Each structure stands twice: as C-alpha cells, then as structure tokens.
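Heads up: the sequence shown begins at 1 in PDB author numbering, then just goes up one per residue. In this text, a Cβ means the ideal position worked out from N, Cα and C, and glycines have one as well. Take a look at the structure below.
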Amino acid sequence: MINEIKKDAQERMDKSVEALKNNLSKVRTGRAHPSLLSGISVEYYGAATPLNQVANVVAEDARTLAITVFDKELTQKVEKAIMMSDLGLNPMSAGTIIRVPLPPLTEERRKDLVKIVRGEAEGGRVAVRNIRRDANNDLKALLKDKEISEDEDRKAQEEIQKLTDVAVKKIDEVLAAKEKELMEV
C-alpha cells in the first residue's frame, strides 16, 4: 500500500500547486494575462455564458488585452461585464474588438496585493504540509499493523519528504514570479 500512499500524496500536492496558481491568476498585475478574465460571464440567450465561449482573449502586448467578440450583438454586454468585474479596468470597443489596457499599480495597491499573494502561497504550503502529515500517518498505521517494515516506512517517508520539498519549491517559484510582476512599476 506504500505505493498507493505515495501516488496519492503526489496527486494531492500537484493539485494544491495548481490551486495556488489558479488563485493567483485572479490577481491583476501591470501585465496582460488573458487568464485574469477567466471568471467573466455574459448573459447569452438567457443563460450565463463563460467569456471564452463568446470571444477570444489575447495579449495584444505585454500590457494590453484584446477581446474579440464573435457575435457583434454581444460586444457591449461583454464590455459591461468587464466594467462590472470591478477590476479597475477601462475597456474600449470598436466593432467586435474590446481593448483593455492593464494600468500600472499604485503603491498602496501593490503592497496590498503582495500581502495577498504571499498569504495565498503560505496557504499552499500548509496544504502540502498537511498532505505530508496525512501520508506519513498512513504509513505509520501500516507499520504499527506490522504490514510494512521499519525500513520500508523510513524509505517511504524519505520519498514523501522529497514530494513535499518539490511541491514547496514549486510554490516558492510561483510566488517569486508573481511578486516580481507585482513589483514592476
């Protein structure tokens, strides 16, 4: 059962990492990231529809987003949706294209978002550490039931340790990159 425990821990940590990245993607920076608008929804033929199903979102340049609405009848609803997302964005349209510049961060706002991303990172780290703790306890149960040897338990913990260190390093790197962007003035 050691292998099942290791694989489980690995899948759980990998997903904790993805969860962190997803969360950070919702944090606006001075740089263009189509992902920032992933949560945008527009009323289409009576139903709340994802932005990506009614338009393509691309980075025109490092600091500008370009949104092309496929149906000309949706351009203004899309634009309004963006203004409603309260991201401090000023979308401007023409035809089916909505240009959305990414404005620079004010000092006060930069320090606030840094706090937020560093806090999210810490959450990812505690998540991964909870998984290591949960996996190591599962190994202990086996050891104590005499299902695995002490040496197998110790080797397993070592592996768990490595999965932990990698996940945490991944989290630290993702944080660094995000802070680097936030520090851009």
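Original post:
For residue 16, does the count of other Cβ atoms within 10 angstroms reach 16, so buried, or fall short, so exposed?
Top reply: Taking the first residue of the sequence shown as 1, we reach residue 16 at position 16. Burial call: buried.
Original post:
DSSP state of residue 90, grouped into three classes?
Top reply: Within the sequence shown, numbered from 1, the residue matching residue 90 stands at position 90. Coil, per DSSP.
**OP:** Would you tell me roughly how many angstroms separate the C-alpha atoms of residue 106 and residue 112, rounded to the nearest one?
**Re:** On the sequence shown, residue 106 is found 106 positions in, with the first residue counted as 1. On the sequence shown, residue 112 is found 112 positions in, with the first residue counted as 1. Going from the Cα of residue 106 to the Cα of residue 112 covers about 10 Å.
**OP:** Given a cut-off of 8 Å, decide if residue 162 and residue 24 are closer than it, judged by their beta-carbon atoms.
**Re:** Numbered from 1 along the sequence shown, position 24 holds the residue referred to as residue 24. Numbered from 1 along the sequence shown, position 162 holds the residue referred to as residue 162. Contact: no.
Subject >> Environment of residue 58 [buried if 16+ CB atoms lie within 10 Å] >> reply: On the sequence shown, position 58 is the one that residue 58 refers to. Residue 58 should be labelled exposed.
**OP:** Take residue 52 as the anchor and find which of 67, 46, 60, 92 has the nearest alpha-carbon.
**Re:** The residue labelled residue 52 in the question sits at position 52 within the sequence shown. Relative to the Cα of residue 52, the nearest Cα in the group 67, 46, 60, 92 belongs to 67.
**OP:** Please go through the same chain and pick out, in chain order, the residues whose beta-carbon is closer than 6 Å to the beta-carbon of residue 56, but skip the five residues on each side of it.
**Re:** Here residue 56 refers to the residue found at position 56 of the sequence shown. Hits under 6 Å: 68.
**OP:** On the DSSP bridge assignment, give the partners of residue 101 in chain order.
**Re:** Within the sequence shown, the letter at position 101 stands for residue 101. The partner list for residue 101 (beta bridge, DSSP) reads 64.
Subject >> residue 39 classed as buried or exposed, judged by whether at least 16 other C-beta atoms fall within 10 angstroms >> reply: Reading the sequence shown from its first residue, position 39 is the one you call residue 39. Its Cβ having fewer than 16 others within 10 Å, residue 39 is exposed.
**OP:** Would you mind reading off the limits of the beta strand (DSSP E) that contains residue 54?
**Re:** Against the sequence shown, residue 54 aligns to sequence position 54. Following the DSSP letters along the chain, one finds residue 54 in no beta strand (DSSP E), marked with neither H nor E.
Subject >> Stretch-stretch touch, CB-based, cutoff 8 Å, three pairs: the stretch 25-35 with the stretch 130-144 >> reply: no
Original post:
Rounded C-beta distance between residue 62 and residue 31? I'm assuming under 8 Å.
Top reply: Within the sequence shown, the letter at position 62 stands for residue 62. Within the sequence shown, the letter at position 31 stands for residue 31. Sure, about 6 Å apart at Cβ, within 8 Å.
Subject >> Length of the line joining the Cα atoms of residue 50 and residue 95 >> reply: In the sequence shown, the residue the question calls residue 50 occupies position 50. In the sequence shown, the residue the question calls residue 95 occupies position 95. About 20 Å.
Original post:
Apart from the five residues just before and just after residue 135, which ones in its own chain have a Cβ nearer than 6 Å to its Cβ?
Top reply: Looking up residue 135 in the sequence shown gives position 135. So the qualifying residues of the chain are 5, 9, 160.
**OP:** Decide if the stretch 85-102 is in contact with the stretch 152-159; the criterion is three or more beta carbon pairs, one per stretch, under 8 Å apart.
**Re:** Using a Cβ-Cβ distance cut-off of 8 Å, the stretch 85-102 and the stretch 152-159 are not in contact, since fewer than three pairs of beta carbons, one from each stretch, lie closer than that value.
Original post:
Who are residue 41's beta bridge partners in DSSP?
Top reply: Residue mapping note: residue 41 aligns to position 41 of the sequence shown, counting from 1. In the DSSP assignment, residue 41 is bridged to 50.
Original post:
To which residues of the same chain is residue 86 closer than 8 Å at the C-beta, ignoring the five residues directly before and after it?
Top reply: Translated into positions along the sequence shown, residue 86 becomes position 86. Answer for residue 86: no residue qualifies.
Original post:
Given that a residue counts as buried once 16 or more other Cβ atoms are within 10 Å of its Cβ, and exposed if not, what is residue 91?
Top reply: The count along the sequence shown starts at 1 and reaches residue 91 at position 91. By the neighbour-count rule (16 or more Cβ atoms within 10 Å), residue 91 is buried.
Subject >> Secondary structure of residue 69, DSSP reduced to three states >> reply: Working through the sequence shown from its first residue, we reach residue 69 at position 69. Strand.
**OP:** Would you please state the rounded distance, in angstroms, between the beta carbons of residue 175 and residue 121? I believe it to be under 8 Å.
**Re:** Counting from one through the sequence shown, the residue named residue 175 turns up at place 175. Counting from one through the sequence shown, the residue named residue 121 turns up at place 121. About 4 Å separates the Cβ atoms of residue 175 and residue 121, confirming a contact at the 8 Å cut-off.
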